[PDB]
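Trainee: Quick one, my_file_20.txt (compact mmCIF, C-alpha atoms and all ligand atoms):
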# COMPACT_ATOMS: atom_id res chain seq x y z
CA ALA Z 11 162.20 105.54 44.47
CA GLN Z 12 165.59 106.97 43.48
CA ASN Z 13 165.80 110.49 41.92
CA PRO Z 14 162.07 111.23 42.35
CA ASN Z 15 162.44 114.89 41.13
CA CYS Z 16 163.97 113.54 37.82
CA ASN Z 17 167.11 115.62 38.05
CA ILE Z 18 169.89 115.20 35.52
CA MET Z 19 172.63 113.19 37.25
CA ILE Z 20 176.38 113.49 36.62
CA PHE Z 21 178.64 110.43 37.01
CA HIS Z 22 182.41 110.18 37.53
CA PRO Z 23 183.33 106.44 36.95
CA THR Z 24 186.74 105.24 37.94
CA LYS Z 25 188.91 103.52 35.29
CA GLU Z 26 187.85 100.20 36.80
CA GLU Z 27 184.19 101.08 36.59
CA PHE Z 28 184.69 102.19 32.92
CA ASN Z 29 185.44 98.67 31.73
CA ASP Z 30 182.01 97.20 31.57
CA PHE Z 31 179.61 99.50 29.65
CA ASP Z 32 176.38 97.54 30.24
CA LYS Z 33 177.08 97.18 33.94
CA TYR Z 34 177.68 100.97 34.32
CA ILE Z 35 174.40 101.83 32.51
CA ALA Z 36 172.59 99.47 34.87
CA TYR Z 37 174.34 101.12 37.84
CA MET Z 38 173.27 104.59 36.73
CA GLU Z 39 169.67 103.38 36.44
CA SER Z 40 169.91 101.82 39.97
CA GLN Z 41 170.57 105.39 41.14
CA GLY Z 42 167.49 106.78 39.25
CA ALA Z 43 169.43 108.44 36.37
CA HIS Z 44 166.91 107.43 33.73
CA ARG Z 45 164.12 109.29 35.40
CA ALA Z 46 165.64 112.59 34.04
CA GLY Z 47 165.80 111.30 30.44
CA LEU Z 48 169.47 112.39 30.21
CA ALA Z 49 172.70 111.80 32.23
CA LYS Z 50 176.26 113.14 31.94
CA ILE Z 51 179.28 110.79 32.26
CA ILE Z 52 182.71 112.34 32.86
CA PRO Z 53 185.34 109.73 31.80
CA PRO Z 54 188.19 108.82 34.20
CA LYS Z 55 191.18 111.09 33.89
CA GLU Z 56 193.34 108.22 32.49
CA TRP Z 57 191.01 107.70 29.47
CA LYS Z 58 191.19 109.22 26.04
CA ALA Z 59 189.14 108.76 22.87
CA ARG Z 60 192.15 109.10 20.60
CA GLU Z 61 195.63 110.69 20.76
CA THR Z 62 194.96 113.90 18.86
CA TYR Z 63 192.42 115.59 16.55
CA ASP Z 64 195.17 117.07 14.37
CA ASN Z 65 194.33 115.09 11.32
CA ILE Z 66 190.47 115.43 10.83
CA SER Z 67 190.23 118.26 8.35
CA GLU Z 68 189.93 116.00 5.35
CA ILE Z 69 186.71 114.29 6.49
CA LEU Z 70 183.97 115.22 3.97
CA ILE Z 71 180.63 116.65 4.89
CA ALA Z 72 178.83 115.50 1.69
CA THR Z 73 175.55 117.25 2.45
CA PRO Z 74 175.85 120.18 4.88
CA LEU Z 75 172.40 121.33 6.02
CA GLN Z 76 171.37 125.05 6.32
CA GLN Z 77 168.83 125.20 9.12
CA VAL Z 78 166.23 127.79 8.14
CA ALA Z 79 163.69 128.76 10.83
CA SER Z 80 160.01 129.84 10.60
CA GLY Z 81 157.81 131.04 13.44
CA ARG Z 82 158.42 133.06 16.59
CA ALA Z 83 161.53 133.18 18.74
CA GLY Z 84 160.29 130.63 21.30
CA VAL Z 85 158.11 128.45 19.01
CA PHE Z 86 159.51 127.67 15.59
CA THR Z 87 160.26 125.01 13.05
CA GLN Z 88 163.40 124.48 11.03
CA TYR Z 89 163.85 123.05 7.56
CA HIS Z 90 167.07 121.70 6.27
CA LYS Z 91 168.29 123.11 2.96
CA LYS Z 92 171.02 120.98 1.35
CA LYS Z 93 174.27 122.75 0.51
CA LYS Z 94 177.28 121.80 -1.56
CA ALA Z 95 179.86 119.42 -0.07
CA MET Z 96 182.69 120.71 1.98
CA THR Z 97 185.58 119.30 4.07
CA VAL Z 98 185.71 119.59 7.86
CA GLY Z 99 188.59 122.13 7.37
CA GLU Z 100 186.36 124.21 5.11
CA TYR Z 101 183.40 123.92 7.53
CA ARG Z 102 185.58 124.94 10.52
CA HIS Z 103 186.74 128.05 8.67
CA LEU Z 104 183.10 128.88 7.83
CA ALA Z 105 182.01 128.37 11.48
CA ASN Z 106 184.78 130.82 12.57
CA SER Z 107 183.81 133.51 9.99
CA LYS Z 108 182.30 136.78 11.07
CA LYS Z 109 178.87 135.73 9.63
CA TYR Z 110 178.69 132.47 11.69
CA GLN Z 111 180.96 132.77 14.74
CA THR Z 112 179.82 132.76 18.37
CA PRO Z 113 179.19 136.34 19.59
CA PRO Z 114 180.84 137.89 22.52
CA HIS Z 115 179.16 136.73 25.73
CA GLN Z 116 179.70 136.63 29.52
CA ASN Z 117 179.03 132.98 30.34
CA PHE Z 118 176.86 130.00 29.19
CA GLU Z 119 173.69 131.68 30.57
CA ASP Z 120 174.19 134.86 28.57
CA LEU Z 121 174.85 132.72 25.46
CA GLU Z 122 171.66 130.75 26.10
CA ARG Z 123 169.68 134.02 26.33
CA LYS Z 124 171.18 135.19 23.05
CA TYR Z 125 170.38 131.83 21.37
CA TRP Z 126 166.68 132.00 22.28
CA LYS Z 127 166.38 135.67 21.43
CA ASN Z 128 168.08 135.51 18.09
CA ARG Z 129 168.17 131.96 16.68
CA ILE Z 130 165.33 132.46 14.23
CA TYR Z 131 167.07 135.36 12.51
CA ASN Z 132 169.96 133.29 11.29
CA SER Z 133 170.47 130.03 9.33
CA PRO Z 134 173.52 128.13 10.66
CA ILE Z 135 174.95 125.18 8.69
CA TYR Z 136 175.06 121.74 10.45
CA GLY Z 137 177.17 118.72 9.26
CA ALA Z 138 174.89 116.08 10.67
CA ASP Z 139 174.40 112.45 10.45
CA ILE Z 140 177.77 111.47 8.83
CA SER Z 141 178.45 107.71 9.13
CA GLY Z 142 181.85 107.19 10.80
CA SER Z 143 183.90 107.27 14.02
CA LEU Z 144 186.71 109.26 15.60
CA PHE Z 145 187.51 106.69 18.36
CA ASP Z 146 190.92 105.08 17.99
CA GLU Z 147 190.60 101.36 17.40
CA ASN Z 148 192.82 100.82 20.39
CA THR Z 149 190.42 102.60 22.77
CA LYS Z 150 188.79 99.70 24.49
CA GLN Z 151 186.46 101.49 26.97
CA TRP Z 152 183.33 103.36 25.83
CA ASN Z 153 184.33 103.19 22.20
CA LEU Z 154 181.05 104.05 20.41
CA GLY Z 155 182.11 101.99 17.34
CA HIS Z 156 182.55 98.78 19.51
CA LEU Z 157 179.31 98.63 21.42
CA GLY Z 158 177.04 95.52 21.55
CA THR Z 159 174.47 95.90 18.69
CA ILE Z 160 170.72 96.43 19.13
CA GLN Z 161 170.13 93.36 16.93
CA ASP Z 162 172.20 91.26 19.27
CA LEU Z 163 170.33 92.68 22.32
CA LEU Z 164 166.98 91.81 20.73
CA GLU Z 165 168.30 88.31 19.98
CA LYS Z 166 169.58 87.78 23.53
CA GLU Z 167 166.34 89.01 25.15
CA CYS Z 168 163.74 87.64 22.75
CA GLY Z 169 165.43 84.80 20.81
CA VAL Z 170 164.80 86.15 17.35
CA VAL Z 171 167.57 86.80 14.84
CA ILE Z 172 167.14 89.78 12.59
CA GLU Z 173 168.97 91.61 9.79
CA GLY Z 174 170.47 95.08 10.33
CA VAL Z 175 173.49 96.87 11.57
CA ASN Z 176 174.16 99.62 14.18
CA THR Z 177 176.96 102.19 13.42
CA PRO Z 178 177.91 105.61 14.81
CA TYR Z 179 177.37 109.01 13.33
CA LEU Z 180 179.45 112.23 13.42
CA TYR Z 181 178.00 115.72 13.90
CA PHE Z 182 179.95 118.85 13.05
CA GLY Z 183 178.28 121.96 14.58
CA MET Z 184 178.61 125.71 14.69
CA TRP Z 185 177.01 128.51 16.72
CA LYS Z 186 173.19 128.18 16.69
CA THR Z 187 173.09 124.75 15.05
CA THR Z 188 170.03 123.12 16.55
CA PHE Z 189 168.63 119.70 17.32
CA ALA Z 190 164.83 119.75 17.46
CA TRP Z 191 162.64 118.11 20.14
CA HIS Z 192 162.66 114.30 19.68
CA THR Z 193 163.02 110.89 21.18
CA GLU Z 194 165.22 108.30 19.45
CA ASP Z 195 164.04 105.94 16.75
CA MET Z 196 161.99 103.19 18.41
CA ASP Z 197 162.51 105.13 21.73
CA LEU Z 198 166.08 103.68 21.94
CA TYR Z 199 168.82 105.04 24.16
CA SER Z 200 171.45 107.29 22.64
CA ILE Z 201 175.02 107.99 23.71
CA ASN Z 202 176.84 111.11 22.54
CA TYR Z 203 180.51 111.96 22.97
CA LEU Z 204 181.69 115.56 22.40
CA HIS Z 205 185.11 114.95 20.78
CA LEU Z 206 186.26 118.53 20.47
CA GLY Z 207 185.39 122.17 20.32
CA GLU Z 208 182.72 124.32 21.88
CA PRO Z 209 179.91 123.12 24.15
CA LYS Z 210 176.43 121.71 23.43
CA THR Z 211 173.44 122.74 25.60
CA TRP Z 212 170.71 120.13 26.13
CA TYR Z 213 167.10 120.34 27.26
CA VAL Z 214 165.22 117.18 28.33
CA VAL Z 215 161.74 116.11 29.52
CA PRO Z 216 161.55 113.17 32.01
CA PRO Z 217 160.20 110.03 30.25
CA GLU Z 218 157.31 109.84 32.70
CA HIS Z 219 156.18 113.25 31.46
CA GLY Z 220 156.76 112.87 27.77
CA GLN Z 221 153.09 112.94 26.88
CA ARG Z 222 152.82 116.45 28.43
CA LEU Z 223 155.35 117.67 25.92
CA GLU Z 224 153.45 115.93 23.09
CA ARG Z 225 150.18 117.58 24.10
CA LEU Z 226 151.79 121.01 24.14
CA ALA Z 227 153.40 120.35 20.77
CA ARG Z 228 149.98 119.45 19.26
CA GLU Z 229 148.63 122.81 20.56
CA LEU Z 230 151.66 124.82 19.27
CA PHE Z 231 152.00 123.15 15.88
CA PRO Z 232 148.33 122.43 15.09
CA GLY Z 233 148.61 121.87 11.26
CA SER Z 234 151.61 119.55 11.74
CA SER Z 235 149.60 117.62 14.33
CA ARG Z 236 146.71 117.09 11.87
CA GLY Z 237 149.17 115.89 9.26
CA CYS Z 238 150.79 113.22 11.40
CA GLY Z 239 150.00 111.49 14.66
CA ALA Z 240 153.71 111.48 15.63
CA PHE Z 241 155.04 114.60 13.99
CA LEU Z 242 157.87 115.10 16.52
CA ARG Z 243 159.46 112.15 14.63
CA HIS Z 244 160.09 114.65 11.85
CA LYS Z 245 162.65 116.39 14.07
CA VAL Z 246 161.75 119.96 13.08
CA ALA Z 247 160.00 121.59 16.07
CA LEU Z 248 161.54 123.85 18.68
CA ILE Z 249 159.98 125.15 21.91
CA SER Z 250 162.01 127.39 24.26
CA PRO Z 251 162.51 126.91 27.98
CA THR Z 252 160.48 130.04 28.64
CA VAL Z 253 157.52 128.59 26.72
CA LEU Z 254 157.87 125.21 28.44
CA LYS Z 255 157.86 127.00 31.89
CA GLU Z 256 154.79 129.11 30.91
CA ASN Z 257 152.96 125.87 30.06
CA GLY Z 258 154.02 123.92 33.15
CA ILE Z 259 156.07 121.28 31.25
CA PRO Z 260 158.65 119.57 33.46
CA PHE Z 261 162.17 119.78 32.00
CA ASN Z 262 165.84 120.18 32.84
CA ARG Z 263 168.87 121.64 31.12
CA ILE Z 264 172.61 120.96 31.12
CA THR Z 265 175.67 121.94 29.08
CA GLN Z 266 178.03 119.24 27.74
CA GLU Z 267 181.70 120.14 27.22
CA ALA Z 268 184.39 118.51 25.12
CA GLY Z 269 185.51 115.23 26.60
CA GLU Z 270 182.14 114.38 28.16
CA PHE Z 271 179.49 111.75 27.32
CA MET Z 272 175.74 112.21 27.48
CA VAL Z 273 173.24 109.34 27.57
CA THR Z 274 169.62 109.78 26.59
CA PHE Z 275 167.18 107.22 27.99
CA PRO Z 276 164.15 105.59 26.31
CA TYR Z 277 161.38 108.08 25.65
CA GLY Z 278 163.46 111.04 27.00
CA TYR Z 279 162.54 113.96 24.72
CA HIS Z 280 165.53 116.21 24.12
CA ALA Z 281 166.53 119.31 22.10
CA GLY Z 282 169.49 121.67 22.15
CA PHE Z 283 172.09 123.80 20.39
CA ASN Z 284 175.82 124.15 19.79
CA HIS Z 285 177.86 127.07 21.15
CA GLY Z 286 180.40 127.18 18.34
CA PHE Z 287 182.48 124.88 16.13
CA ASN Z 288 182.40 121.33 17.53
CA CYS Z 289 182.38 117.67 16.65
CA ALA Z 290 180.24 114.99 18.37
CA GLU Z 291 179.81 111.26 17.77
CA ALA Z 292 176.58 109.43 18.71
CA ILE Z 293 174.95 106.03 18.35
CA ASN Z 294 171.76 104.34 19.50
CA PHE Z 295 171.85 101.38 21.85
CA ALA Z 296 169.50 99.10 23.77
CA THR Z 297 169.33 97.32 27.15
CA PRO Z 298 166.79 94.81 28.46
CA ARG Z 299 164.73 97.66 29.92
CA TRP Z 300 164.33 99.24 26.45
CA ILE Z 301 162.29 96.34 25.00
CA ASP Z 302 158.99 97.49 26.48
CA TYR Z 303 159.58 101.03 25.25
CA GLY Z 304 160.32 99.75 21.79
CA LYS Z 305 156.99 97.87 21.76
CA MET Z 306 155.09 101.07 22.64
CA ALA Z 307 157.02 103.62 20.54
CA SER Z 308 155.00 105.88 18.29
CA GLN Z 309 155.54 105.93 14.72
CA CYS Z 310 155.36 108.43 11.81
CA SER Z 311 153.42 106.74 8.94
CA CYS Z 312 152.79 110.10 6.96
CA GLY Z 313 156.00 109.40 5.26
CA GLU Z 314 158.04 112.36 6.34
CA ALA Z 315 160.29 110.75 9.01
CA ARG Z 316 161.94 108.24 6.62
CA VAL Z 317 164.53 106.26 8.63
CA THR Z 318 167.22 103.54 8.50
CA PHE Z 319 167.24 100.08 7.13
CA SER Z 320 167.49 98.52 10.59
CA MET Z 321 164.29 100.08 11.92
CA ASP Z 322 162.29 97.75 9.63
CA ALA Z 323 163.04 94.71 11.65
CA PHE Z 324 162.41 96.46 14.94
CA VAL Z 325 158.91 97.43 13.82
CA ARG Z 326 158.27 94.03 12.29
CA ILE Z 327 159.11 92.09 15.43
CA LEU Z 328 158.06 94.50 18.19
CA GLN Z 329 155.05 96.14 16.50
CA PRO Z 330 153.63 93.60 14.01
CA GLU Z 331 150.16 95.24 13.90
CA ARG Z 332 151.69 98.59 12.84
CA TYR Z 333 154.10 96.96 10.37
CA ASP Z 334 152.01 97.13 7.15
CA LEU Z 335 150.94 100.81 7.67
CA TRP Z 336 154.45 102.02 8.81
CA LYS Z 337 156.02 100.37 5.74
CA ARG Z 338 153.45 102.09 3.42
CA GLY Z 339 154.97 105.35 4.80
CA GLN Z 340 158.51 104.09 4.18
CA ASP Z 341 157.64 102.94 0.57
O1 LIG K 401 174.19 116.21 18.77
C1 LIG K 401 173.13 116.37 18.08
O2 LIG K 401 172.94 117.25 17.12
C2 LIG K 401 171.91 115.55 18.27
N1 LIG K 401 172.22 114.34 19.07
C3 LIG K 401 171.26 113.64 19.64
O3 LIG K 401 170.01 113.88 19.52
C4 LIG K 401 171.64 112.42 20.43
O4 LIG K 401 172.83 112.18 20.66
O5 LIG K 401 170.67 111.71 20.75
MG MG K 402 191.20 114.05 7.64
NI NI K 403 168.79 112.32 20.02
ZN ZN K 404 154.89 111.97 9.94
In structure tokens, how does this file's structure come out?
Ligand SMILES: O=C(O)CNC(=O)C(=O)O
Ligand SMILES: [Mg+2]
Ligand code: NI
Ligand SMILES: [Zn+2]

Mentor:
Amino acid sequence: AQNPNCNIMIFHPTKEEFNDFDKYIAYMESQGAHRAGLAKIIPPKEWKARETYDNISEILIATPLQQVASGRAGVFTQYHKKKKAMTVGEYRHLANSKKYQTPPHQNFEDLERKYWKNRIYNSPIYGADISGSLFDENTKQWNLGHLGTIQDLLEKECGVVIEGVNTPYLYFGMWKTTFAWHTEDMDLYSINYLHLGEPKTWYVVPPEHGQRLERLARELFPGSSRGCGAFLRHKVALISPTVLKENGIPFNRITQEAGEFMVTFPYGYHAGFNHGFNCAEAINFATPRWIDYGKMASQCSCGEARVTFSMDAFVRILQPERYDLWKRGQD
């Protein structure tokens, strides 16, 4: 068995190897990458996502989200308070202000210590989930707006034609902006490209150990657990590495820098934070190996998780028993 310790693997494809996206994902899995739940891909040195970022300041962040924490430093939830619209140029200037900027630090480790000590005492503003792309249309390799769609994968593997579309999303971050512990919708893959700015630190639990994280989360968030049988779908709960280690939960960590891709694999729980002003682009995707994970994915039916149009068909075809109840939550 390849990668039996479930370590995060780092790949350096050549420009030739960067042509065929599906084939490269399958290669990484042949080497055991998926067992970690997360992999890093460093693009060949010849590749670029676009020529420059000099002209992005006029993108609108229609609903910036203030991430307000409750709890203790290592075990907390966050709620998202909606703020007034602002441009990316306005948001960048806010990120760089004395109130929001990255503090002085020695290295990524010192920054990580400061994040876990102090996150709860501040409310950073995150421009998340903005439909759009920063890849140039002429970028032919690993262009996250030109991937094969999940609907087409389901049709190729299973023969059924379904409605829905699959487009990328932009994320504008600042110091302390946080992504809570989650797997993807329908336990899909994700791919995330850090276009510019400061790093993003990731934490991940191997897919084979995901249920250990869920059991800890039920213990740590006991009212949320009674409210919903899949409350991590709400994407609000944080648990620190120190708390995971105290409770014996297997995990790994890695920091993504600008110019690098990360892939999350089906049922790979992940969480993390941004170091400073940055912009990432991410999209969900599927492979043949995903189908069985999609059939078994948990679902929020309490109504809180409220998701995309295209998830309807996935539930309807892969999980017809749950359909009915899941759609009562969505309506
Ligand atoms: O970058 C972020 O805030 C969150 N991204 C992801 O969870 C992802 O790419 O799967
Ligand atoms: Mg612009
Ligand atoms: Ni994710
Ligand atoms: Zn729920």

Trainee: I'd like the neighbourhood of region 298-301 of chain Z as a PyMOL selection string, where a residue qualifies if any of its atoms comes within 8 Å (using all atoms listed in the file), though same-chain residues fewer than 6 positions away should be ignored.

Mentor: chain Z and resi 163-164+167+197-199+276

Trainee: Check which residues of chain Z sit at most 10 Å from ligand MG 402 (chain K) using all atoms listed in the file, and return one row each with the closest pair of atoms and their distance in Å to one decimal, ordered by chain and rising number, as CSV.

Mentor:
residue,atom,partner,partner_atom,distance
Z:63,CA,K:MG402,MG,9.1
Z:64,CA,K:MG402,MG,8.4
Z:65,CA,K:MG402,MG,4.9
Z:66,CA,K:MG402,MG,3.6
Z:67,CA,K:MG402,MG,4.4
Z:68,CA,K:MG402,MG,3.3
Z:69,CA,K:MG402,MG,4.6
Z:70,CA,K:MG402,MG,8.2
Z:97,CA,K:MG402,MG,8.5
Z:98,CA,K:MG402,MG,7.8
Z:99,CA,K:MG402,MG,8.5

Trainee: Could you give me, as CSV, every region 92-172 of chain Z residue with an atom at most 12 Å from region 43-56 of chain Z, plus its closest atom pair and distance in Å to one decimal, counting only C-alpha atoms, rows ordered by chain then number?

Mentor:
residue,atom,partner,partner_atom,distance
Z:149,CA,Z:56,CA,11.6
Z:151,CA,Z:53,CA,9.6
Z:152,CA,Z:53,CA,9.0
Z:153,CA,Z:53,CA,11.7

Trainee: Restrict the selected residues to C-alpha atoms and save them as a PDB file, in the frame of the given file.

Mentor:
ATOM      1  CA  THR Z 149     190.420 102.600  22.770  1.00  0.00           C
ATOM      2  CA  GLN Z 151     186.460 101.490  26.970  1.00  0.00           C
ATOM      3  CA  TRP Z 152     183.330 103.360  25.830  1.00  0.00           C
ATOM      4  CA  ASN Z 153     184.330 103.190  22.200  1.00  0.00           C
TER       5      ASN Z 153
END

Trainee: Using all atoms listed in the file, which residues of the polymer chains come no farther than 10 Å from ligand NI 403 (chain K)? I'd like the answer as an mmCIF file with C-alpha atoms, in the coordinates of the input.

Mentor:
data_model
loop_
_atom_site.group_PDB
_atom_site.id
_atom_site.type_symbol
_atom_site.label_atom_id
_atom_site.label_comp_id
_atom_site.auth_asym_id
_atom_site.auth_seq_id
_atom_site.Cartn_x
_atom_site.Cartn_y
_atom_site.Cartn_z
ATOM 1 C CA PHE Z 189 168.630 119.700 17.320
ATOM 2 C CA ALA Z 190 164.830 119.750 17.460
ATOM 3 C CA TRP Z 191 162.640 118.110 20.140
ATOM 4 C CA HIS Z 192 162.660 114.300 19.680
ATOM 5 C CA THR Z 193 163.020 110.890 21.180
ATOM 6 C CA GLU Z 194 165.220 108.300 19.450
ATOM 7 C CA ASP Z 195 164.040 105.940 16.750
ATOM 8 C CA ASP Z 197 162.510 105.130 21.730
ATOM 9 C CA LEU Z 198 166.080 103.680 21.940
ATOM 10 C CA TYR Z 199 168.820 105.040 24.160
ATOM 11 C CA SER Z 200 171.450 107.290 22.640
ATOM 12 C CA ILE Z 201 175.020 107.990 23.710
ATOM 13 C CA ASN Z 202 176.840 111.110 22.540
ATOM 14 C CA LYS Z 245 162.650 116.390 14.070
ATOM 15 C CA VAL Z 273 173.240 109.340 27.570
ATOM 16 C CA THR Z 274 169.620 109.780 26.590
ATOM 17 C CA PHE Z 275 167.180 107.220 27.990
ATOM 18 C CA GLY Z 278 163.460 111.040 27.000
ATOM 19 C CA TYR Z 279 162.540 113.960 24.720
ATOM 20 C CA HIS Z 280 165.530 116.210 24.120
ATOM 21 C CA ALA Z 281 166.530 119.310 22.100
ATOM 22 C CA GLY Z 282 169.490 121.670 22.150
ATOM 23 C CA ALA Z 292 176.580 109.430 18.710
ATOM 24 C CA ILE Z 293 174.950 106.030 18.350
ATOM 25 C CA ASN Z 294 171.760 104.340 19.500
#

Trainee: Counting all atoms listed in the file, figure out which residue out of Z:246, Z:11, Z:323, Z:26 gets nearest to residue 80 (chain Z).

Mentor: Z:246

Trainee: In Å, how far is it from CA of residue 166 (chain Z) to CA of residue 144 (chain Z)?

Mentor: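 Those two atoms sit 28.6 Å apart.
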
Trainee: If we draw a sphere of 12 Å around (152.0, 124.2, 29.9), which residues have at least one atom in it when counting all atoms listed in the file? Please report them as number ranges by chain.

Mentor: Z: 219, 221-230, 249-261

Trainee: Between CA of residue 113 (chain Z) and CA of residue 135 (chain Z), what is the spacing in Å?

Mentor: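 Distance reported for this atom pair: 16.2 Å.
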
Trainee: Can you tell me how far CA of residue 188 (chain Z) sits from CA of residue 16 (chain Z), in Å to one decimal?

Mentor: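 CA of residue 16 (chain Z) lies at a distance of 24.1 Å from CA of residue 188 (chain Z).
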
Trainee: Give me the residues of region 94-115 of chain Z that have any atom at most 12 Å from an atom of region 124-127 of chain Z; for each, the nearest atom pair and the distance in Å, rounded to one decimal. Use all atoms listed in the file, sort by chain and number, and format it as JSON lines.

Mentor:
{"residue": "Z:112", "atom": "CA", "partner": "Z:125", "partner_atom": "CA", "distance": 9.9}
{"residue": "Z:113", "atom": "CA", "partner": "Z:124", "partner_atom": "CA", "distance": 8.8}
{"residue": "Z:114", "atom": "CA", "partner": "Z:124", "partner_atom": "CA", "distance": 10.0}
{"residue": "Z:115", "atom": "CA", "partner": "Z:124", "partner_atom": "CA", "distance": 8.6}

Trainee: Taking only C-alpha atoms and all ligand atoms into account, list the residues no farther than 7 Å from ligand ZN 404 (chain K), as a PyMOL selection string.

Mentor: chain Z and resi 237-241+243-244+310-315

Trainee: Find the axis-aligned box for region 22-32 of chain Z, covering all its listed atoms and adding 4 Å on each side, and write its centre and edge lengths in Å to one decimal as JSON.

Mentor:
{"center_x": 182.6, "center_y": 103.7, "center_z": 33.8, "size_x": 20.5, "size_y": 21.0, "size_z": 16.3}

Trainee: Could you pull the residues within 9 Å of residue 32 (chain Z), counting all atoms listed in the file, minus those fewer than 5 positions along the same chain, as JSON, numbers by chain?

Mentor: {"Z": [37, 158, 297]}

Trainee: Kindly indicate which residue among Z:210, Z:92, Z:33, Z:82 lies nearest to ligand LIG 401 (chain K), using all atoms listed in the file for the distances.

Mentor: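 With all atoms listed in the file as the atom set, the closest residue is Z:210.
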
Trainee: For the point (172.4, 121.1, 10.2) in file coordinates, what residues are within 12 Å, counting all atoms listed in the file? Give the answer as a compact mmCIF listing (two decimals) with C-alpha atoms, keeping the file's coordinate frame?

Mentor:
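Wrote it out as selection13.txt, contents follow:
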# COMPACT_ATOMS: atom_id res chain seq x y z
CA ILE Z 71 180.63 116.65 4.89
CA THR Z 73 175.55 117.25 2.45
CA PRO Z 74 175.85 120.18 4.88
CA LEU Z 75 172.40 121.33 6.02
CA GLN Z 76 171.37 125.05 6.32
CA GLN Z 77 168.83 125.20 9.12
CA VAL Z 78 166.23 127.79 8.14
CA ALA Z 79 163.69 128.76 10.83
CA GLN Z 88 163.40 124.48 11.03
CA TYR Z 89 163.85 123.05 7.56
CA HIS Z 90 167.07 121.70 6.27
CA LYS Z 91 168.29 123.11 2.96
CA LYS Z 92 171.02 120.98 1.35
CA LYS Z 93 174.27 122.75 0.51
CA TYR Z 101 183.40 123.92 7.53
CA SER Z 133 170.47 130.03 9.33
CA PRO Z 134 173.52 128.13 10.66
CA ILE Z 135 174.95 125.18 8.69
CA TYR Z 136 175.06 121.74 10.45
CA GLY Z 137 177.17 118.72 9.26
CA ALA Z 138 174.89 116.08 10.67
CA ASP Z 139 174.40 112.45 10.45
CA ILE Z 140 177.77 111.47 8.83
CA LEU Z 180 179.45 112.23 13.42
CA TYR Z 181 178.00 115.72 13.90
CA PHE Z 182 179.95 118.85 13.05
CA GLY Z 183 178.28 121.96 14.58
CA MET Z 184 178.61 125.71 14.69
CA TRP Z 185 177.01 128.51 16.72
CA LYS Z 186 173.19 128.18 16.69
CA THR Z 187 173.09 124.75 15.05
CA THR Z 188 170.03 123.12 16.55
CA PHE Z 189 168.63 119.70 17.32
CA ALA Z 190 164.83 119.75 17.46
CA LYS Z 245 162.65 116.39 14.07
CA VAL Z 246 161.75 119.96 13.08
CA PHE Z 283 172.09 123.80 20.39
CA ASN Z 284 175.82 124.15 19.79

Trainee: Just checking: using all atoms listed in the file, which residue out of Z:123, Z:58, Z:285, Z:129 ends up closest to ligand LIG 401 (chain K)?

Mentor: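 Checking each of Z:123, Z:58, Z:285, Z:129 against ligand LIG 401 (chain K), counting all atoms listed in the file, the winner is Z:285.
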
Trainee: With distances taken over only C-alpha atoms, which residue among Z:41, Z:106, Z:176, Z:17 lies nearest residue 296 (chain Z)?

Mentor: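 The closest residue to residue 296 (chain Z) is Z:176.
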
Trainee: I'd like the contact shell of residue 204 (chain Z) - 6 Å cut-off, all atoms listed in the file, skipping same-chain residues fewer than 3 positions apart - returned as a PyMOL selection string.

Mentor: chain Z and resi 268-270+290

Trainee: Save N, CA and C atoms of region 184-193 of chain Z from the block above as a PDB file, in the first residue's frame.

Mentor:
ATOM      1  N   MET Z 184      -7.534  37.723   4.547  1.00  0.00           N
ATOM      2  CA  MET Z 184      -6.636  38.598   5.338  1.00  0.00           C
ATOM      3  C   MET Z 184      -6.163  37.782   6.501  1.00  0.00           C
ATOM      4  N   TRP Z 185      -5.201  38.335   7.295  1.00  0.00           N
ATOM      5  CA  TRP Z 185      -4.732  37.710   8.509  1.00  0.00           C
ATOM      6  C   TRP Z 185      -5.907  37.235   9.352  1.00  0.00           C
ATOM      7  N   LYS Z 186      -5.770  35.957   9.787  1.00  0.00           N
ATOM      8  CA  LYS Z 186      -6.762  35.286  10.677  1.00  0.00           C
ATOM      9  C   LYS Z 186      -8.024  34.821  10.014  1.00  0.00           C
ATOM     10  N   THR Z 187      -8.289  35.180   8.755  1.00  0.00           N
ATOM     11  CA  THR Z 187      -9.474  34.606   8.088  1.00  0.00           C
ATOM     12  C   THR Z 187      -9.311  33.105   8.089  1.00  0.00           C
ATOM     13  N   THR Z 188     -10.438  32.433   8.336  1.00  0.00           N
ATOM     14  CA  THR Z 188     -10.486  31.038   8.754  1.00  0.00           C
ATOM     15  C   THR Z 188     -11.470  30.211   7.964  1.00  0.00           C
ATOM     16  N   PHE Z 189     -11.046  29.020   7.541  1.00  0.00           N
ATOM     17  CA  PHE Z 189     -11.968  28.044   6.987  1.00  0.00           C
ATOM     18  C   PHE Z 189     -12.131  26.900   8.012  1.00  0.00           C
ATOM     19  N   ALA Z 190     -13.381  26.655   8.435  1.00  0.00           N
ATOM     20  CA  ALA Z 190     -13.717  25.705   9.434  1.00  0.00           C
ATOM     21  C   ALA Z 190     -13.574  24.253   8.948  1.00  0.00           C
ATOM     22  N   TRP Z 191     -13.542  23.307   9.883  1.00  0.00           N
ATOM     23  CA  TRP Z 191     -13.404  21.895   9.538  1.00  0.00           C
ATOM     24  C   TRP Z 191     -14.556  21.408   8.674  1.00  0.00           C
ATOM     25  N   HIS Z 192     -14.250  20.843   7.494  1.00  0.00           N
ATOM     26  CA  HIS Z 192     -15.291  20.350   6.577  1.00  0.00           C
ATOM     27  C   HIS Z 192     -14.726  19.379   5.602  1.00  0.00           C
ATOM     28  N   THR Z 193     -15.586  18.576   4.989  1.00  0.00           N
ATOM     29  CA  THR Z 193     -15.347  17.958   3.706  1.00  0.00           C
ATOM     30  C   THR Z 193     -16.147  18.716   2.648  1.00  0.00           C
TER      31      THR Z 193
END
